[PDB]
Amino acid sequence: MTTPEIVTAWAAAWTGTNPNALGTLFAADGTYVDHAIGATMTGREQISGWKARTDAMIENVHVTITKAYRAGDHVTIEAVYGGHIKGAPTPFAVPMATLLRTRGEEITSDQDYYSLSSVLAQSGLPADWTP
């Protein structure tokens, strides 16, 4: 029912145009893993850099919260991730599952899962497409 503020902040950081708004949420040794793409970042500079890299490749990145729920230091997010890969025929929107581990307000771990096949198919890109 009630969405944790950290979830709202995470979505706003991904939907905005400010890489540091994402990185600042993370611990100094915090990790970020995108399992769909297979990218791994550690620390705020690299994590803010992942928002920057994503924006460089994808226009109009936006993340909306479907629902979220906390169990102790763990937060689960069901979201929709959308955008338009620059140069691709069409945009995409897919469900995503994000698992956070937190310490107070700080994020120590973020894992993102979503269907890369669905992203590419919606986008009109080949199934084996790479940037």
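Don't overthink the numbering: it's just position in the shown sequence, from 1.
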property	result
Entry-level comparison of average CA B-factors, 71-79 and 90-98, reporting the higher stretch	71-79
Highest-ranked of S115, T108, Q111, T17 once sorted by CA temperature factor in the record	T17
Position of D34 among the chain's modelled residues by C-alpha B-factor, lowest, middle or highest third	lowest
Third assignment of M57 from its chain's C-alpha B-factors	highest
Assigned third (lowest, middle, highest) for the C-alpha B factor of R103	highest
